[PDB]
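Note that ligands are numbered from 1 as they come in the structure, with each ligand's atoms numbered from 1 the same way. Each chain gets a letter, A, B and so on, in the order its sequence line appears, and its residues count up from 1.
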Amino acid sequence: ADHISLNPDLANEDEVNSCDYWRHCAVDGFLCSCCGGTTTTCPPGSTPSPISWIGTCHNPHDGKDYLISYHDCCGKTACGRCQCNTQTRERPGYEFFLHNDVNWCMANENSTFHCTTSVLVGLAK
Amino acid sequence: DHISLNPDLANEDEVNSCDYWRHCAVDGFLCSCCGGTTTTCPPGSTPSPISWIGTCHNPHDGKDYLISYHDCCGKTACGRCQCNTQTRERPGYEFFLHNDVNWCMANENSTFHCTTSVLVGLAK
Amino acid sequence: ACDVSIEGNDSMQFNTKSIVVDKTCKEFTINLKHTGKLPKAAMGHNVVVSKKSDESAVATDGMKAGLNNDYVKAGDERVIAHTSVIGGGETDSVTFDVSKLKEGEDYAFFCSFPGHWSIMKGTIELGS
Amino acid sequence: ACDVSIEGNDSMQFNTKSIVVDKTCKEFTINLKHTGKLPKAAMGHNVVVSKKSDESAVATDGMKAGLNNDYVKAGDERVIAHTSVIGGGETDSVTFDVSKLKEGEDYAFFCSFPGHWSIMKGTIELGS
Amino acid sequence: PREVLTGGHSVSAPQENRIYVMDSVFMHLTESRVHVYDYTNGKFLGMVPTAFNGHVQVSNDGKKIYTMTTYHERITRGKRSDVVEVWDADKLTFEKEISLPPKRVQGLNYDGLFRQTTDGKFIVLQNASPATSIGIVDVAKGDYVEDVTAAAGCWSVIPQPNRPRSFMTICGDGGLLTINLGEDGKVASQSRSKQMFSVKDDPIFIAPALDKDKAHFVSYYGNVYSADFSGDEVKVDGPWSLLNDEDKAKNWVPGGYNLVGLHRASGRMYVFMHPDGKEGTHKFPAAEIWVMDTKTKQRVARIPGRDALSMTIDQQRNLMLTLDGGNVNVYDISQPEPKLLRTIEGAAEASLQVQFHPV
Amino acid sequence: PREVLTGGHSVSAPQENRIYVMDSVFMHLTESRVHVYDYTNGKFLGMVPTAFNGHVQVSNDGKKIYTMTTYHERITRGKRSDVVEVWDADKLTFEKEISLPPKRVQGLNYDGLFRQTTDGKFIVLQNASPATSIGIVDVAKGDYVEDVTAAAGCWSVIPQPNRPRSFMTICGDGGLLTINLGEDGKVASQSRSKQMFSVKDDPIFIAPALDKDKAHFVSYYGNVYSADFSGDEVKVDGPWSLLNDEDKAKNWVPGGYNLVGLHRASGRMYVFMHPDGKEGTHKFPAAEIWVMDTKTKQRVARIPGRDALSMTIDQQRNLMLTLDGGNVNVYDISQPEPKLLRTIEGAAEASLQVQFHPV
Ligand SMILES: [Cu+2]
Ligand SMILES: [Cu+2]
């Protein structure tokens with residue numbers, strides 16, 4: 001018994017494209033679902049980053065907390081659509097992988113930032 | 001000379017407005033708002049040897065003057081005081097009177113920074 | 001048997017969040033493969049076995065040890081065992097005698113490479 | 001005397017908007033220097049002598065002639081004389097016998113290189 | 001490892017739904033790009049970065065996107081690299097780069113500056129050093145194969161839909177120059193037409209209202225000229241006025257950039273117009289859109305311009321797109337009077353050109 | 001030829017009047033730049049392009065501008081070139097480029113990511129591949145001379161004003177790592193302090209309130225920690241609260257990026273604060289600016305924050321500049337309570353860092 005809320009594609013566009021969507025609680029960039037991609041897919045021609053910053057978000061629909069991996073899509077200039085700047089549980093650089101003030105496209109073949117995705121890792125425990 | 005023919009003498013709110021009489025054919029950013037002046041490139045930007053020509057009317061002396069719109073190049077868009085005036089502007093088949101082409105095109109570096117309004121002389 | 005091959009990718013993940021060791025096993029060998037392709041200097045991984053609530057402490061002390069000490073304080077008494085740090089394409093292995101895991105207590109395996117233990121953490125248990 | 005050196009720069013300008021020819025002069029030599037550094041293919045200059053209100057027509061017809069014809073219709077009867085088209089750093093010269101300039105009429109010199117005659121236009125006159 | 005980020009995906013919407021908005025991003029011209037939208041629902045589909053003042057077009061076969069732009073080893077300094085890049089239309093991924101002489105036209109996005117021959121074999125582009133010339137690129141060979149210097153003093157490219165590899169260009173003498181290429185891209189022959197319009201007294205906008213065998217043009221003062229190229233030589237005629245005495249009184253004149261369009265199946269021409277015209281307003285936003293019947297030379301319709309500056313027509317679906325710089329308007333032009341279907345807001349920051357994907 | 005366009009000019013205003021606003025232009029990050037303003041009249045003086053996410057600082061001698069950025073042969077593809085460029089401060093012209101390993105930190109402009117030693121001999125920068133390390137550049141030799149990998153797991157550079165070439169860095173163990181360079185830029189010695197703060201229970205903002213021989217830090221919950229480095233080893237202490245029971249009730253906490261500042265001559269510390277703090281608001285715009293006396297540990301003043309996010313202090317003129325992302329506020333802090341002198345609007349599109357030219 002997963003739960004409808006655990007899958008963006010079934011959620012109204014107005015919901016997942018809002019900076020208020022529960023799993024975008026630590027996004028600092030542009031939502032890929034508004035750039036020709038989806039919450040878990042890079043828009044055509046953009047490259048997924050192997051690394052990312054981690055957020056612990058609260059799913060208000062099931063009352064549980066989940067780990068979200070914020071991977072970037074790289075290789076293209078700023079998407080400029082659906083800019084979000086949420087900092088829930090975000091921490092400074094000394095806790096590097098929980099920090100979102102650094103471009104997570106940094107290790108890619110090409111580091112120019114295109115947009116940000118919100119991948120569901122699993123329950124936070 | 002005539003007090004209207006020299007910018008250094010007019011209030012800057014005057015020369016930095018797209019309405020200033022000699023900016024009648026400008027399509028870019030006024031250099032006087034980018035660290036330069038109506039006739040001087042801002043520090044670090046390079047004057048273009050070519051330009052597009054405009055015939056502007058000086059409402060202060062009622063005469064028409066030729067204005068040479070040279071660009072300052074070598075730096076990214078200034079982004080300040082964008083103007084888009086087309087008085088007497090003509091299409092590409094009259095190339096040097098056309099302002100829809102970057103006049104920084106022949107420079108060592110073609111990226112457009114800002115536009116100047118150089119006074120050539122009376123139109124006759 | 002007394003074998004296990006755990007993977008690590010450029011995405012900072014282990015292909016296992018739990019490994020079981022049979023009681024029949026005398027000593028235990030744990031092999032690590034770095035399937036990614038980023039150099040160890042940027043995304044190296046290692047596996048460190050230690051007491052579950054004694055993990056944070058080891059990673060912090062390991063960070064200070066440096067890559068020269070595979071990000072594990074030299075001779076840290078809290079470590080049951082630890083592999084070397086490998087990079088993309090590389091592989092390593094560690095063999096430790098199971099006679100070390102204490103009764104009743106919980107044990108987790110993880111990567112001490114600076115910042116990775118937060119996600120690359122798992123639980124290693126005995127028999128059943 | 002019967003000499004003149006006119007310049008042309010990358011800024012599409014002549015360093016003279018009027019040249020006078022002494023009546024004493026038999027034939028007249030006009031030298032052109034391209035002080036700029038842009039290749040002739042992009043900013044070449046030339047000098048063409050013709051009747052003042054017969055200038056527009058020659059430049060238009062010269063444009064159709066092509067660079068191979070120094071932007072002057074081959075054998076255009078409206079041209080008193082014309083130099084070749086030079087590029088940056090280059091120089092050329094044209095010699096024409098002054099006995100050609102008609103009485104009472106006005107004569108202007110200019111560059112027929114596509115689009116330049118609008119600014120690179122001058123007036124060449126006799127004695128006084 | 002519940003979910004995983006994936007790439008390598010293709011455009012979600014089918015080609016028949018895609019349009020391309022060339023966002024010059026003039027405020028930061030070094031980061032211009034192409035926004036790909038679905039004209040049926042206004043959904044953003046993807047994009048192609050085009051560096052400093054890039055130009056774009058879709059291959060006639062609809063399988064590739066062609067871009068033209070300029071690079072510098074250090075953007076504002078270092079070696080200059082003018083190029084044409086070939087992008088796959090469905091994956092929006094870079095495929096090939098074609099070296100161009102460092103003089104490709106740098107300026108606003110008029111269609112005529114970056115076109116292709118009817119056979120889709122060659123890319124025809126405009127150069128300015130500032131001496132003008134038209135360059136030829138063999139798409140297949142991926143090369144710059146010809147430099148048409150005979151075009152000096154002329155501007156913009158106007159393909160001839162009734163010929164495999166021929167095009168015309170407007171010249172400073174008020175006439176049209178026709179270039180016919182050989183199978184290798186090099187000029188095979190050329191011909192000049194008689195003077196079509198007075199440059200100084202009645203300048204035409206360079207944007208053509210293209211038909212299969214002829215092209216129409218509008219002037220700064222509302223006149224209409226035409227160049228028929230169904231025969232060996234181009235037959236020029238004109239002008240006739242878009243204005244009736246009533247219109248002349250209000251001082252109506254055309255205004256915009258890519259301001260005209262032609263619905264071939266009907267002969268209807270669309271034009272951006274505005275009242276109180278005068279020197280310096282030839283690029284003003286459209287107060288209205290006039291629909292003229294080129295056959296009878298009469299206005300059949302007039303509607304709000306919504307401040308548009310550029311448009312484009314799709315013959316197959318009978319659609320018209322207008323662009324005011326940042327928003328796209330979708331129109332149904334199957335009938336004499338246009339019909340506004342939807343408006344796509346924020347399609348761009350600074351765009352003066354929109355194009356349908358070919359079908 | 002009445003007038004002529006000239007170049008080669010120097011900044012009109014005198015150095016003592018210039019400030020630098022690092023405009024990241026995040027919407028088009030590939031065209032970030034540095035805007036140079038005159039803080040006395042808010043006049044725009046010039047600029048330095050800094051490509052994709054560039055960082056900047058002025059040499060301690062005030063004669064050169066240092067930038068750090070990233071280039072790609074084709075911006076979005078091709079070879080990557082990380083570099084440090086040296087620009088002349090008065091002519092704002094490019095002078096030298098220094099190759100850097102392709103891992104210079106790419107992110108927001110915290111001061112601590114691009115600094116220089118007190119002697120102005122070396123440029124100390126932050127790397128992330130994502131493994132972190134601190135790189136050393138010998139300005140004179142124009143080279144990258146050392147890679148401090150001992151800093152792995154640590155972040156940001158905090159120069160020691162009381163030493164010629166020493167600096168510290170915050171580490172994941174809650175402690176500070178001190179690096180002392182030799183005359184050639186290579187690490188001579190290092191030392192770690194005791195745990196200064198709890199990473200998980202009371203994280204500090206990386207921005208330091210730097211003094212000559214010590215640095216102060218504020219935490220997510222309003223605590224103040226300090227690192228004294230007047231002695232051989234760093235002496236850490238803390239915390240003490242910026243809050244009184246009344247403040248705690250309103251839930252006041254610090255917020256911003258380069259959110260703290262220290263007026264050395266007075267010991268006064270400035271902090272961006274906001275009410276109703278809670279998880280996720282550590283970067284919220286400032287509701288107020290609190291002025292603390294580090295000596296007596298008491299709040300001496302509080303004023304409107306004007307939504308600032310970053311600030312910077314000038315010890316010599318007793319000035320403070322706050323930046324809300326697009327506007328700069330000029331303050332006189334010679335007295336306990338700040339005094340708003342002027343506001344410079346539109347100094348940038350997206351800037352989180354402003355710096356005075358050294359005097
Ligand atoms: Cu690891
Ligand atoms: Cu010439």
Student: Is it true that, when you exclude D:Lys121 itself, more than 12 heavy atoms of the residues, nucleotides or ligands shown sit nearer than 6.0 Å to its NZ?
Tutor: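 Yes - once you tally the heavy atoms of other residues, nucleotides and ligands closer than 6.0 Å, there are more than 12.
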Student: Thinking salt bridges, do E:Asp173 and E:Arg192 make one under a 4.0 Å N-O criterion?
Tutor: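 Looking at E:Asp173 and E:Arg192, the cut-off is not met.
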Student: Is there side-chain contact between B:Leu66 and B:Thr55, with heavy atoms separated by less than 4.5 Å?
Tutor: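 Side chain of B:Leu66 against side chain of B:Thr55, heavy atoms only: contact under 4.5 Å found.
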Student: Show every salt bridge (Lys or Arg N to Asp or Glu O under 4.0 Å) that has at least one partner inside residues 40-50 of chain C, sequence neighbours left out.
Tutor: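 Residue pairs passing salt bridge (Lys or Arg N to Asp or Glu O under 4.0 Å), neighbours aside: C:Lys40-C:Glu90.
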Student: Listing residue and atom name, which protein N/O/S atoms are closer to the Cu ion (ligand 1) than 2.8 Å?
Tutor: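 Those protein N, O or S atoms (cut-off: under 2.8 Å from the Cu ion (ligand 1)) are C:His45 ND1, C:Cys111 SG, C:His116 ND1.
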Student: Below 6.0 angstrom between ring centroids: does that apply to A:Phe97 and C:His116?
Tutor: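 A:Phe97 vs C:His116: aromatic centres under 6.0 Å.
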Student: If you define the side chain from C-beta out and look only at heavy atoms, does anything of B:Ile67 sit under 4.5 Å from B:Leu119?
Tutor: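 B:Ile67 reaches B:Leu119 side chain to side chain.
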